[PDB]
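**Q** For reference, the structure I am asking about is given below.
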Amino acid sequence: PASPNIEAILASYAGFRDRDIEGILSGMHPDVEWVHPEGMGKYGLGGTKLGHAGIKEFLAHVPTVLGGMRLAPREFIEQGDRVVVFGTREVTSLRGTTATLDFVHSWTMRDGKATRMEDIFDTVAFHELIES
């Protein structure tokens, strides 16, 4: 009996897992905001992206920096229209080097879709992986 917010979030994670843009966007409002750490600007993966168009820009740039990424959500903290997801993710460099890193995804929802999704993580360790 997963709540509608968590149901919509799970569908988007499935969309990223299966590389299905339709599924990713199924849980996003057209005016959604994607926020990543400023420290990722070194790789063009930091700051804010706006709308469906911004998400597509972001996902299209990732393969230029990383070899792969696989998310494993573990914990969902929900209060009202805020959902905080904790998990790990397997990240592969362009050289095929792999590491297990932590992620926090802070979701803001309205009417069952996301108005905001922010990714917070140890950017120093992420850079280490990218360059290895």
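If you're wondering about the labels, chains in the structure tokens are A, B, ... by order shown, residues count from 1 in each chain, ligands from 1 in order shown.
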Please identify which residues in chain A DSSP calls strand (DSSP E) from the backbone, and express them as an MDAnalysis selection string.
**A** chainID A and resid 28:36 47:50 68:79 82:92 98:110 113:120
**Q** Check segment 14-130 of chain A with DSSP on the backbone and list each residue it calls helix (DSSP H, G or I), as a ChimeraX atom specification.
**A** /A:14-17,21-25,38-43,51-64,123-130
**Q** Using only C-alpha atoms, which residues sit within 12 Å of segment 97-100 of chain A once same-chain residues fewer than 2 positions away are excluded, as a list in words?
**A**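 Close residues of segment 97-100 of chain A: residues 66, 67, 68, 69, 70, 71, 72, 87, 88, 89, 90, 91, 92, 93, 94, 95, 102, 103, 122, 125, 126, 127, 128, 129, 130, 131 and 132 of chain A.
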**Q** Using only C-alpha atoms, which protein or nucleic acid residues come within 12 Å of residue 44 of chain A? Drop anything in the same chain fewer than 4 positions from it, and give the result as a PyMOL selection string.
**A** chain A and resi 36-40+48-49+57-66
**Q** Output C-alpha atoms of each residue in that selection to a file, as a tab-separated table (two decimals), in the first residue's frame.
**A**
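Done, and the output landed in part_1.tsv:
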```tsv
chain	number	residue	atom	x	y	z
A	36	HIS	CA	22.70	18.75	-7.92
A	37	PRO	CA	25.67	19.88	-5.81
A	38	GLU	CA	27.59	22.96	-6.94
A	39	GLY	CA	30.82	20.96	-6.53
A	40	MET	CA	29.86	18.94	-9.61
A	48	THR	CA	19.84	23.41	-11.21
A	49	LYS	CA	18.08	22.03	-14.29
A	57	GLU	CA	19.99	17.69	-20.97
A	58	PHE	CA	21.34	16.25	-17.72
A	59	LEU	CA	20.96	12.58	-18.64
A	60	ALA	CA	22.50	13.25	-22.05
A	61	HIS	CA	25.62	14.74	-20.43
A	62	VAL	CA	26.16	11.99	-17.85
A	63	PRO	CA	27.60	9.37	-20.28
A	64	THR	CA	30.31	11.90	-21.18
A	65	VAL	CA	31.51	11.79	-17.54
A	66	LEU	CA	30.56	8.35	-16.16
```
**Q** List the spatial neighbours of residue 86 of chain A as a list in words - criterion: any atom at most 8 Å away, only C-alpha atoms, same-chain residues fewer than 2 positions off excluded.
**A**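 Within the cut-off, the hits are residues 73, 74, 75, 76, 84, 88, 102, 103, 104 and 105 of chain A.
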**Q** Grab the residues selected above and save them as an mmCIF file, in the first residue's frame with C-alpha atoms.
**A**
```cif
data_model
loop_
_atom_site.group_PDB
_atom_site.id
_atom_site.type_symbol
_atom_site.label_atom_id
_atom_site.label_comp_id
_atom_site.auth_asym_id
_atom_site.auth_seq_id
_atom_site.Cartn_x
_atom_site.Cartn_y
_atom_site.Cartn_z
ATOM 1 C CA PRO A 73 17.144 2.923 -2.742
ATOM 2 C CA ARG A 74 16.980 1.519 0.779
ATOM 3 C CA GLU A 75 14.936 3.842 3.000
ATOM 4 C CA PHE A 76 11.990 6.192 2.412
ATOM 5 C CA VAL A 84 13.718 11.706 1.615
ATOM 6 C CA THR A 88 23.607 3.460 -2.283
ATOM 7 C CA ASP A 102 25.897 6.866 -0.853
ATOM 8 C CA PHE A 103 23.098 9.121 -2.063
ATOM 9 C CA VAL A 104 20.318 11.194 -0.532
ATOM 10 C CA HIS A 105 17.385 12.232 -2.733
#
```
**Q** Which one of A:35, A:50, A:45, A:83 sits closest to residue 118 of chain A if you count only C-alpha atoms?
**A** A:35
**Q** Any idea what's packed within 10 Å of residue 33 of chain A, counting only C-alpha atoms, ignoring anything in its chain fewer than 5 positions away? Could you give it as JSON, numbers by chain?
**A** {"A": [28, 48, 49, 50, 51, 52, 54, 55, 108, 114, 115, 116, 117, 118]}
**Q** Write the selection just made, keeping N, CA and C atoms, as a short mmCIF file (atom, residue, chain, number, x, y, z; two decimals), in the first residue's frame?
**A**
```
data_model
loop_
_atom_site.label_atom_id
_atom_site.label_comp_id
_atom_site.auth_asym_id
_atom_site.auth_seq_id
_atom_site.Cartn_x
_atom_site.Cartn_y
_atom_site.Cartn_z
N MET A 28 7.31 13.46 -12.69
CA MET A 28 7.79 14.83 -12.67
C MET A 28 6.73 15.77 -13.23
N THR A 48 21.26 23.66 -10.98
CA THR A 48 19.84 23.41 -11.21
C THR A 48 19.55 23.19 -12.69
N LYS A 49 18.64 22.26 -12.96
CA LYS A 49 18.08 22.03 -14.29
C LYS A 49 16.56 22.16 -14.19
N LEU A 50 15.95 22.74 -15.21
CA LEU A 50 14.54 23.09 -15.19
C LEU A 50 13.76 22.28 -16.21
N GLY A 51 12.64 21.70 -15.76
CA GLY A 51 11.67 21.11 -16.67
C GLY A 51 12.12 19.78 -17.25
N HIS A 52 11.22 19.20 -18.05
CA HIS A 52 11.56 17.99 -18.79
C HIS A 52 12.80 18.20 -19.65
N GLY A 54 15.33 20.11 -19.08
CA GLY A 54 16.54 20.11 -18.27
C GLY A 54 16.96 18.71 -17.86
N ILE A 55 15.99 17.86 -17.53
CA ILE A 55 16.29 16.47 -17.19
C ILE A 55 16.96 15.78 -18.37
N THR A 108 10.22 16.88 -3.31
CA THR A 108 9.08 17.71 -2.99
C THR A 108 7.99 17.42 -4.02
N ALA A 114 6.52 15.24 -8.79
CA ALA A 114 7.61 15.97 -8.16
C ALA A 114 7.69 17.40 -8.69
N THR A 115 7.75 18.36 -7.77
CA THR A 115 8.13 19.72 -8.12
C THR A 115 9.62 19.97 -7.97
N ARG A 116 10.31 19.14 -7.18
CA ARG A 116 11.73 19.35 -6.93
C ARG A 116 12.36 18.02 -6.53
N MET A 117 13.57 17.78 -7.01
CA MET A 117 14.36 16.62 -6.63
C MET A 117 15.81 17.06 -6.52
N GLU A 118 16.38 16.94 -5.32
CA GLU A 118 17.76 17.32 -5.08
C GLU A 118 18.59 16.10 -4.69
#
```
**Q** Counting only C-alpha atoms, figure out which residue out of A:41, A:47, A:112, A:1 gets nearest to residue 27 of chain A.
**A**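 Among the listed residues, the smallest separation from residue 27 of chain A belongs to A:112.
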**Q** What's the 7 Å shell around residue 23 of chain A, counting only C-alpha atoms, without same-chain residues fewer than 5 positions away, as an mmCIF file with C-alpha atoms, in the first residue's frame?
**A**
```cif
data_model
loop_
_atom_site.group_PDB
_atom_site.id
_atom_site.type_symbol
_atom_site.label_atom_id
_atom_site.label_comp_id
_atom_site.auth_asym_id
_atom_site.auth_seq_id
_atom_site.Cartn_x
_atom_site.Cartn_y
_atom_site.Cartn_z
ATOM 1 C CA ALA A 11 8.144 4.537 -11.081
ATOM 2 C CA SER A 12 10.752 7.201 -11.859
ATOM 3 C CA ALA A 14 12.357 2.252 -12.519
ATOM 4 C CA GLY A 15 12.547 4.627 -15.475
#
```
**Q** Expressed in Å to a single decimal, how great is the separation between atom CA of residue 107 of chain A and atom CA of residue 82 of chain A?
**A** 5.6 Å
**Q** Have a look at atom CA of residue 34 of chain A and atom CA of residue 77 of chain A and let me know their distance in Å, one decimal.
**A**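 Pair atom CA of residue 34 of chain A / atom CA of residue 77 of chain A returns 19.3 Å.
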**Q** Given the choices A:29, A:85, A:79, A:56, which gets closest to residue 16 of chain A if the distance is worked out from only C-alpha atoms?
**A** A:56
**Q** So the first atom is atom CA of residue 30 of chain A and the second is atom CA of residue 42 of chain A; what is the distance between them in Å, to one decimal place?
**A**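 Value for the atom CA of residue 30 of chain A-atom CA of residue 42 of chain A distance: 27.4 Å.
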